[PDB]
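One structure is given here, and the rest of the page talks about it.
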Amino acid sequence: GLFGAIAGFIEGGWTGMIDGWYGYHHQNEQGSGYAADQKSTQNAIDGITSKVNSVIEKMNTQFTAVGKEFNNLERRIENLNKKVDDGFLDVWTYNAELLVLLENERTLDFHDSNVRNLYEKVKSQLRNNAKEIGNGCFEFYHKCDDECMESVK
Amino acid sequence: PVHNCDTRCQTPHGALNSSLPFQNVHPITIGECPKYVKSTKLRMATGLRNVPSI
Ligand SMILES: *[C@@H]1O[C@H](CO)[C@@H](O[C@@H]2O[C@H](CO)[C@@H](O[C@@H]3O[C@H](CO)[C@@H](O)[C@H](O)[C@@H]3O)[C@H](O)[C@H]2NC(C)=O)[C@H](O)[C@H]1NC(C)=O
Ligand SMILES: *[C@@H]1O[C@H](CO)[C@@H](O[C@@H]2O[C@H](CO)[C@@H](O)[C@H](O)[C@H]2NC(C)=O)[C@H](O)[C@H]1NC(C)=O
Numbered sequence: 345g346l347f348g349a350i351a352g353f354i355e356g357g358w359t360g361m362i363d364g365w366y367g368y369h370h371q372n373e374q375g376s377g378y379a380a381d382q383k384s385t386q387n388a389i390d391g392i393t394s395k396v397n398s399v400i401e402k403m404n405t406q407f408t409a410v411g412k413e414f415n416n417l418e419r420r421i422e423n424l425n426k427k428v429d430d431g432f433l434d435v436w437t438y439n440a441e442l443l444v445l446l447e448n449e450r451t452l453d454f455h456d457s458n459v460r461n462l463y464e465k466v467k468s469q470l471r472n473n474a475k476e477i478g479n480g481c482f483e484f485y486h487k488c489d490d491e492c493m494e495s496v497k
Numbered sequence: 288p289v290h291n292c293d294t295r296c297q298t299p300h301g302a303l304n305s306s307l308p309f310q311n312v313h314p315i316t317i318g319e320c321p322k323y324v325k326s327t328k329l330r331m332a333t334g335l336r337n338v339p340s341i
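Protein chains in written order, with UniProt numbering: chain A, 345 to 497; chain B, 288 to 341.
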């Protein structure tokens with residue numbers, strides 16, 4: 345399910361941000377922003393890494409398999425052999441394609457949930473003195489410097 | 288033709304050197320080889336929707 349954040353109420357991503365997937369953009373008295381948030385992206389990296397390693401280690405490697413031989417009077421067993429091999433081949437390719445096609449929406453909704461939760465945290469600890477304006481920004485009724493920027497972060 | 292490297296997987300169309308769990312070349316393998324399938328593209332996403340800003 346599309347949680348609403350990526351390409352939703354928040355516009356598209358940022359080119360200038362480098363070292364992460366989730367960051368902030370501050371405009372205090374002496375600078376501009378583009379700093380990452382190393383907490384949540386670390387859990388994201390660890391979850392996706394465990395995901396890919398699990399998907400690798402569930403599929404078993406196959407050992408030696410050589411095609412066999414038959415004379416002209418054993419056509420029945422040969423047709424049985426061909427039916428066996430094609431049936432197993434179809435089952436394995438169906439399982440692989442279906443596994444990838446579910447895993448893709450799983451990870452995209454995972455990123456969407458990460459964006460929305462990181463937004464709700466910043467809103468919830470700025471419960472009055474913020475003045476939200478649109479597409480995930482705040483405008484700070486009091487004065488703030490870099491110290492309270494990192495105090496938010 | 289026959290040459291003298293050393294692999295862990297062997298097919299009639301040549302040798303394989305990988306660690307991916309799936310395989311596309313030929314369904315007759317000797318050694319320890321990834322599993323043969325009948326597809327073309329198994330790209331798996333680890334990341335975000337690349338939406339550029341305007
Ligand atoms: C999360 O961010 C807060 C932001 O308030 C961090 O607190 C601040 O940490 C800095 C670390 O350099 C402190 O700055 C320096 O502290 C030394 C030692 O007292 C002092 O000599 C310097 O003049 C300067 O103040 C700062 O005191 C501290 N507190 C405040 C109110 O800014 C916090 O450490 C960060 N991490 C965590 C896990 O909370
Ligand atoms: C099979 O492929 C792997 C992955 O590329 C090779 O492993 C590395 O290959 C590079 C370049 O050949 C070497 O510099 C590294 O030392 C290799 N790493 C290890 C741990 O051996 C591997 O050499 C390839 N083997 C064959 C027979 O082609």
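From the three backbone atoms N, C-alpha and C, an ideal C-beta is built for every residue, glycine too.
- At a threshold of 6 Å, A:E494 counts as near ligand 1, since its beta carbon sits closer than that to one of the ligand's heavy atoms.
- In the three-state DSSP reduction, A:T385 falls in the helix class (H, G or I).
- Neighbourhood of B:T294 in chain A, by CB distance below 7 Å: empty, with the nearest CB roughly 14 Å away.
- For A:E491, the shortest separation between its Cβ and any heavy atom of ligand 1 lies below 6 Å.
- Residue contact check for B:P308 against chain A: a CB pair falls below 7 Å.
- Exclusion of the five residues before and after A:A349 leaves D456, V459, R460 and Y463 as the residues of its chain whose Cβ lies within less than 7 Å of its Cβ.
- Interface criterion not met: the Cβ of A:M361 is under 7 Å from no Cβ in chain B.
- When C-beta distances to chain B are compared with 7 Å, the residues of the region 400 to 418 of chain A below that value are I400, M403, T405, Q406, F407, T408, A409, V410 and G411, in chain order.
- Here B:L303 is buried, its C-beta having at least 16 other C-beta atoms within 10 Å.
- When the Cα atoms are used, B:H290 and B:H300 turn out to be separated by approximately 14 Å.
- Distance from the CA of A:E422 to the CA of A:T359, rounded to the nearest whole angstrom, comes to 60 Å.
- Neighbours of B:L303 across chain A, judged by C-beta separation under 8 Å, do not exist; the nearest C-beta is about 12 Å away.
- Among the residues of chain B, none has a CB under 9 Å from the CB of A:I477; the nearest is roughly 17 Å distant.
- Among the CB atoms of chain A, one or more fall inside 7 Å of the CB of B:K322.
- No Cβ of chain A is located within less than 7 Å of the beta carbon of B:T327.
- Its Cα nearest to that of B:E319, the residue B:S305 stands out among B:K325, B:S326, B:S305 and B:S340.
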